[PDB]
Every structure is written in C-alpha cells, then in structure tokens.
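Coordinate inspection notes
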Amino acid sequence: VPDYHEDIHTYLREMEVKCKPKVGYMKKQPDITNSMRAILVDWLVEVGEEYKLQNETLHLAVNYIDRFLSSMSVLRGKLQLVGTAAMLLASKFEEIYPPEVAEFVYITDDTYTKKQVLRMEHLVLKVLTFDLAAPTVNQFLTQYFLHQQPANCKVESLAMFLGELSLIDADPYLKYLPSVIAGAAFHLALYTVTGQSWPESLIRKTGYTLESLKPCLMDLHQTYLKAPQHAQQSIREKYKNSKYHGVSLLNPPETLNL
Amino acid sequence: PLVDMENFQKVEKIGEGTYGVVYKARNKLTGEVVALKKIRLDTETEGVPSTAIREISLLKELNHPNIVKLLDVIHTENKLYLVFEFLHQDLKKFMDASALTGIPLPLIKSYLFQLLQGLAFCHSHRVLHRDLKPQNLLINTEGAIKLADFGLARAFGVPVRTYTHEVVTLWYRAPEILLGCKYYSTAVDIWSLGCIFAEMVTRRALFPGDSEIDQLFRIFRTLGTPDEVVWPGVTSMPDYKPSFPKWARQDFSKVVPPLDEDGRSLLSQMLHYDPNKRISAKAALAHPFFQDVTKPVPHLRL
Ligand SMILES: CC(C)CC(=O)Nc1n[nH]c2c1CN(C(=O)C1CCN(C)CC1)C2(C)C
C-alpha cells in the first residue's frame, strides 16, 4: 500500500493513451505481416531468457517496435534490426546492467554489424523522440497485484504468462489498452487458480467491470486455449519452469461463466 | 542537427566530469542563455549511454518549477548535446560560501519547501531520483531551487532493484540500502533530503562516513541502533549483523540545535528508520514547519 499509488495509476492510465501504436499499421506496411512480427517477438522472448533480462524489458521493446512500425516502412530483412535496437534501448532503460552491443550483434548471427545496430538505435530514438518510459501490461499487473486476497504466487505467475502471450499476436491485441489486457489476464489467472473473479476493490480502482473487460477476456481465453497449438512456443516453454510454478501447464477452464 | 549547434555561442565551461562537460552558452538568434551538457560517444562506442537515455526520457515527462527544464536534445554522429535552462549556482558551493554567516533559516525553510514540491512531483509520476546531493541541487538569484541530474533516475511502475555500483554517494545513502534491501522505494529520496536539511542547518554533514560500515555506525551512533520494535525486519535483512554495537539514540535537540520543535519533528519523520513509516514528500509539505514559509533571495557571491 504505497503513498502515490493512486496518483501513479491515474498517470499511467493517461500515458497509455498517448503511447498508443496505430491500430491498423500492419496493413499499410508494404512488406511485413503480423506473422513475421510474431516470429520476431517470440525471438526476443528467447533472447531475454538467454541474457536473463527482466520481463519489463521485453514488454518495453515490443512497445518501441509497434510505435516505430506505426510510422516507418520497414523491409523484411531489416525487421530484426529494428527489433534488436528496440531491445538494446529497452535494456538500457530498464536493466541494472544492460548487455553490451557486441552481444546484440552476436545474437543476430552477424546478419548485421555493430555499426548498423548503433545507427538504428539513433534512428529509433529519433523516431520515438526519446520517449521511452512507456506503460506496459506488467506495470498495470504490478499495481493490480496489491489487491490480492491473499497473494498467490501461482495467480501472479499465470497472469504474467497470459499478458506475455498477448504480445505475440498484433491481432487482436493491438486494439486493447495495456490496462485492459492486464485486467483480463488478472481475472483469468485468478479464476483458474482460485475460482475467484475480478475483485470489487479493482472495479473501484479502475472503473473496469467484468462486463467491460469481456471482449478482451473472450480473446484472451481463446489464446490461452489454443496456446499449445500456436506456431510460437518460446513463452510456454519459459513458463513451465519452476520459477513460474509451471503455470503454462495448468489447464484453462473450458468456459468462463459470464 | 549541425544547423542547431552553430546557433549556439559557447560562453564558458561551468562543469566537467566523467559524464562529459557543461558549457554556459547563448542562442545567437534569440539571445536565450542556456546550459549545454555535452556527452562524448566515441569513448566506449557503446551507443547512447544509459545515463542519457534515462535523463532525457524521464526529464521530458517532468514539467515542474522545481525540476530543471530540458530544452532540447541535439544528436550528431559523434556528439550528444542536452540543452538545459541555466542556473547560477549549486547548493554545495553556496553552503560552502555561507560557512561564516550560515544560511538564514528562512531561506533554508524555503529551499526545503521547494525541494519537497519537486520531489513530490517526481514521485507522483513514478520517478525515483536516487542521487539527491547538494551538487545536484541548483539555485538562481531570484530564490528558486531545482532538482537536477537525472542520470541515475528510474521509472518505478515496476519496482526498482538494487545495484552495487549505481548508488547515491555514501553520505546521503539511506540505511535500508546499506543494510542490503531488495528494492528502492521513494523513502530513499526523502532520507537524502533530510540529510541535506540538517547540513544546511548545522553547517556540517550529518553522517560523513568513510565506508559503508562506517556510514552505518555513524547513523546508529546518532539515531540509535535500530531494533525489531523500531523497524520490523531489521535483524533479518541481508547485511545486518548481530555483532552490531547497540547505541542509544542521541538527544535530537543536540543534533540540530538551531531548530525549533516544528523543525525537529519534521526531520525526525524524514529520518525514520522503517522505510514504510518514513514520511512522504506530499505529507511533509503539509507539516506545520511550513506554516510561514516565504521566498527569500540568497546572497550569491558570484
Ligand atoms: C556553475 C555551477 C555552480 C552551476 C551550473 O552548472 N548550473 C547549471 N545550469 N544548468 C545546468 C547546470 C548543471 N547541469 C547539469 O546537468 C549538471 C548537474 C550536476 N552534475 C554533477 C553534473 C551535471 C545543468 C542542468 C545542465
């Protein structure tokens, strides 16, 4: 129970509306698709496990990417350069000790040069106007967690898992605000582990009712159901580790009782 | 980019360090006076330093009268310039120049009031400063003071973890940090401000430690060795030691003799051991100590 807790939620709710990517940017892109993007993010998830980076770093880099692609035409063979630069910036902003550029060149199979990565860092920064402190699903989950009765590490791990998956698929998740994705991931995880639902305290905090969360919820539930069939698997693998209580192995309900 | 640099006329070098250099300068077209912070990039060719990333990104969210304004960023191929408003002096040098007279108590009060306002704004915007020391507090002739240097600052929508290297200098470091706590909280900034309040009042640093263990024992010797009642958990904390000397709390009116009851109360609450009990910037602003606050102008020996 923090001091500026309320003022912060309100501020993040403001900033998430301003850092919002262009919903339908992918189709105005000449060369890349939602699928290529999904492959890219799944790759970065992998990259974060390799260098033991925070989950917030991953969410931030994805925010940077969607925003850059919101305004810049990118070609297939340069897409991963954008993604690598986003991760580098994300690490510098969020990590205590970021990996060195040499590592970021290495993890690309020398498809790009140290020089290319550094120039792209400049161009990403220019395109984003140095606005790196973006609101993420994680930030809203952290806020929501304080409202656990009691805390359940399983519920927390599972909500993280659901939020992380939502990064992978620009459709349908680009059209939902982080605070909303967070709301759905929290309820779904809560319902699965404990059979409880979106608490009254959070309805007062957020203004979100289970009703308003519904559309994102139905989408998220499907993504949880079809999760093991999905072409991208790095996240599910990450989350069967004991560090996350194996929540990527829990069986989802077959229906949410709405 | 280079059009922009040629519109500046360098006046004089006003600061230098591991970070780079700071020049006072003039806009040749508008006449605006300005501070140019120059960061060399070819020194590690590791790209834009993390310290500029955080300062630039965070500072351009924070618009407040007691936070230094970042005016512009100019990025050439080998240099990075941040353009800031200019202020005449910093608190370290002003305290030093005031050694014989002391800083008048009404000016001390105004300064602390302003610093808390700036810090409240930071915190209510999920920014931790993390390096509040007299040298990063800037002042002008009209009587304002502003938080500066956000190179170690951090957004905390997600909780911020402890780094050994990236820390407040020793004299202003909170006890939780010395004792090895996991996360920073806003409480660590309030601790720093409390140390500075005391130094302004007494003309000496509150806790001038030689090392981490010495810094702790100086705090313990003044404030009392904390116990489980004072601070639930202390004995559990990583770097706590059962072999610690058990000092009694010193009489607080003998630690800051020039202060009245209201001042003593405020500083007690700013130096509370338990981070959760330590007063917040917003709540400190309501303390009766600020009943009568005014805005005096300093004698700047410029
Ligand atoms: C000459 C000093 C007494 C005063 C002085 O340098 N004032 C300033 N006006 N504007 C600025 C500073 C000092 N500035 C700084 O960014 C410096 C703050 C102190 N740290 C240790 C290095 C960076 C900016 C905001 C650019």
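Residues numbered from 1 in each chain as written, not as in the entry; some residues may be left out. Chains lettered and ligands numbered in written order. Heavy atoms only, no water.

Structure determination for this entry, per the PDB record, employed X-ray crystallography and reached 2.51 Å resolution.

For the rest of this paragraph, the subject is the overall build of chain A. When its secondary structure is counted, chain A shows 14 helices and zero strands. Secondary structure elements of chain A occur, N-terminal to C-terminal, as α-α-α-α-α-α-α-α-α-α-α-α-α-α. Dimensions of chain A, computed from C-alpha atoms along their principal axes, come out at roughly 50 × 40 × 35 Å. Taking all 258 residues of chain A together, the buried fraction comes to 59%. Residue pairs at least 24 apart in sequence account for 80% of intrachain contacts in chain A once pairs closer than 6 positions are excluded. Total accessible area on chain A stands at roughly 11,400 Å², and carbon and sulfur atoms take up 52% of it. A gap of 6 Å separates the mean positions of the 26 positive and 29 negative side-chain charges of chain A. (Helix = DSSP H or I, 4+ residues; strand = E, 2+ residues; numbered from the N terminus. Buried < 20%, exposed > 50% of the residue type's maximum accessible area, 1.4 Å probe, protein only. Contact = heavy atoms within 4.5 Å. Areas by Shrake-Rupley, 256 points an atom, 1.4 Å probe, with all protein chains shown as cover. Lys, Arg positive; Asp, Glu negative; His and termini not counted. Charge placed at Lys NZ, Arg CZ, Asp CG, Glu CD.)

All names here are of chain A. As far as domains go, chain A holds domain 1 (7-20 + 134-258) and domain 2 (21-133). Using only C-alpha atoms to locate each centre, domain 1 and domain 2 end up separated by 23 Å. If you look at the interface, domain 1 gives 25 residues, while domain 2 gives 24 residues. For the pairing of domain 1 and domain 2, the buried interface totals around 2,100 Å² over both sides, and the portion due to carbon and sulfur atoms is 56%. Summed over the three residues of domain 1 that lose the most area to domain 2, namely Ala 134, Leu 167 and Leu 174, the buried surface amounts to 29% of that side. Counting across the domain 1 and domain 2 interface gives one salt bridge. Measuring nitrogen to oxygen at the nearest pair gives 3.8 Å for the salt bridge that ties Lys 238 to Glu 49. Put simply, domain 1 and domain 2 have 10 residue pairs in polar contact between them. Taken together, the residues of the side of domain 1 that touches domain 2 break down into 12 nonpolar, seven polar and six charged. (Domains from an automatic or database assignment. Buried area = accessible area lost by both parts, 1.4 Å probe. Salt bridge = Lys/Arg side-chain N within 4 Å of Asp/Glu carboxyl O. Polar contact = N/O pair within 3.5 Å; in protein donor to acceptor, adjacent residues only side chain to side chain. Nonpolar A, V, L, I, M, F, W, Y, C, P; charged D, E, K, R; others polar.)

As a further point, take the UniProt feature "binding site: Mg(2+)" in chain B. All names here are of chain B. Using the residue numbers shown here, the UniProt feature "binding site: Mg(2+)" corresponds to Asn 136 and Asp 149. The topology assignment puts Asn 136 in the loop between β7 (127-128) and β8 (137-139). Beyond its immediate chain neighbours, meaning those up to four positions away, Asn 136 contacts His 129, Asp 131, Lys 146, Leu 147, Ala 148 and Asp 149. Reaching out from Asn 136, the side chain makes a polar contact with the backbone oxygen of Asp 131 at a distance of 2.9 Å. Assignment of secondary structure puts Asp 149 in the loop between β9 (145-147) and β10 (154-155). Residues contacting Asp 149, with those up to four places away along its chain left out, are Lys 37, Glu 55, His 129 and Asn 136. (UniProt positions renumbered as here; feature names shortened; annotations may be inferred.)

Moving on: the pairing of strand β2 (residues 20-27) of chain B. All names here are of chain B. With respect to burial, β2 is a largely interior element, six of its eight residues being buried. Bridge count for strand β1 (residues 8-17) against β2 is eight bridges, and the pairing is antiparallel. Looking across to β2, one finds that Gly 15 is bridged to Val 22. Turn length for the β1-β2 hairpin, with the two strands adjacent in sequence and antiparallel, is two residues. Pairing geometry for β2 and strand β3 (residues 33-40), over six bridges, is antiparallel. Pairing of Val 21 across the sheet is with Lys 38, part of β3. Hairpin connection, β2 to β3: the antiparallel pair is bridged by five residues, and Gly 31 has positive phi, about 85°. (Pairing = 2+ DSSP bridges.)

Glancing now at the site of the ligand. All names here are of chain B. In the vicinity of the ligand lie 17 residues, with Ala 35, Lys 37, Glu 85, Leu 87 and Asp 149 positioned nearest. One nitrogen or oxygen atom from the side chain of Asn 136 is found 3.5 Å from a nitrogen atom belonging to the ligand. Within the contact set of the ligand, a nitrogen atom lies 2.6 Å away from a side-chain nitrogen or oxygen of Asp 149. Contributing elements (two or more residues each) for the shell around the ligand: β3 and β6 (89-90). (Near = heavy atom within 4 Å.)

In this section: the sheet that holds β8 of chain B. Sheet strands pair via backbone hydrogen bonds, and the direction of the pair is either parallel or antiparallel. Residue and element names in this part refer to chain B. Taken together, three strands build an open sheet; the order of strands is β6-β8-β9 and the sheet is antiparallel. The sheet terminates laterally at β6 and β9, the two strands that pair on one side only. Here β6 pairs with β8 via two bridges, running antiparallel. Pairing of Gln 89 across the sheet is with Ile 139, part of β8. Packing of helix α4 (residues 105-123) onto the sheet brings it into contact with β8 and β9, and relative to β9 it is tilted by some 30°. (Axes fitted to C-alpha atoms, helices over the stretch in contact; angles between N-to-C directions.)

Time to look at the interface of chain A and chain B. The partner chain B presents 34 residues to the 34 residues of chain A that form the contact. For the pair chain A and chain B, the summed buried surface comes to about 3,000 Å²; carbon and sulfur atoms form 57% of the total. A per-residue breakdown of the area chain A buries against chain B is headed by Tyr 4, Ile 96 and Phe 130 of chain A, which together make up 26% of the total. At the boundary of chain A and chain B, one finds five salt bridges. The partner of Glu 77 of chain B in a salt bridge is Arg 119 of chain A, with the nearest N and O atoms 3.7 Å apart. Inspection of the region where chain A meets chain B yields 17 residue pairs in polar contact. Residue assignment for the side of chain A that touches chain B shows that the elements contributing at least two residues are α1 (5-18), α5 (79-94), α7 (114-128) and α8 (137-145) of chain A. At six residues, α7 of chain A tops the list of elements feeding residues into the side of chain A that touches chain B. For the side of chain A that touches chain B, a count of residues per class yields 16 nonpolar, seven polar and 11 charged.

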